[PDB]
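In structure tokens, one chain follows: the form deposited in one PDB entry.
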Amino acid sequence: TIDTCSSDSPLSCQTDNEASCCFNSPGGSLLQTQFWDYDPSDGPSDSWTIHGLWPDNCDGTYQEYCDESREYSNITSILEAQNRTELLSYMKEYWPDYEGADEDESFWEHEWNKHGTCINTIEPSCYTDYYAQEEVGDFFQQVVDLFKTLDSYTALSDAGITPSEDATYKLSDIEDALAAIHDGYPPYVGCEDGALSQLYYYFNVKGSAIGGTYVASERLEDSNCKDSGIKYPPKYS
């Protein structure tokens, strides 16, 4: 399985170290991203859903599509062959493609192909007793594991911010509510058509992107929402 690194490994971006299986670089800013899909709606009525996990450069630029030799068109088959049946079921529910389950496969391919291949600490050479595409399955499990710790809907709700046909909301309230689950660092807050739509939670990493310690870090992009008037549309309305 993946190599392990010391829990006092140096923090990506925040320190100056050499890329290795125990140092995420140049992709040292890891973004756990989420969606609020209301039209069409997906996922539970009271949960956001997974967009992905992206390695950005420390300056906010990013690499994409970093390894054509490890791009795939069969993520669902890879997960089944690895017996990750509960992970796959969870993905269908919490990492949906909005268009429908039949588009889930292409969405997951996109996320692995585009972004997973750019996570340097995930490469096969970072494994003991590697088996073909082990890191692909490991990556999907890690996204889910991080997502589970970032329950945006509850954090918002606890701050009095719940989807509504009529209520509208202030950016800074949205930001503060979400910062409370992220060590005081707000996520990127993305709106569409004046509706709350996307979140990026930024982290730096001690050790490997699989299994290392994810440390809440400062957002490298703030928001494209207006300061107020933000709609939080109810799902399945």
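Note that residue numbering begins at 1 and tracks the sequence as displayed.
This protein has a second form, the form deposited with a small molecule bound, left out of what is shown; the following refers to that one.
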* Can you check whether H51 is within 4.5 Å of the small molecule in the deposited bound form, heavy atom basis? -> yes
* Using a 4.5 Å heavy atom cut-off, state whether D145 contacts the small molecule in the deposited bound form. => no
* Give a yes or no for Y38: in the deposited bound form, does one of its heavy atoms lie within 4.5 Å of a heavy atom belonging to the small molecule? => no
* **Close approach of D42 to the small molecule in the deposited bound form, 4.5 Å, heavy atom** => yes
* Asked: Of these, 159-167, 85-93, 119-127, 105-113, which stretch puts a heavy atom within 4.5 angstroms of the small molecule in the deposited bound form?
  -> 105-113
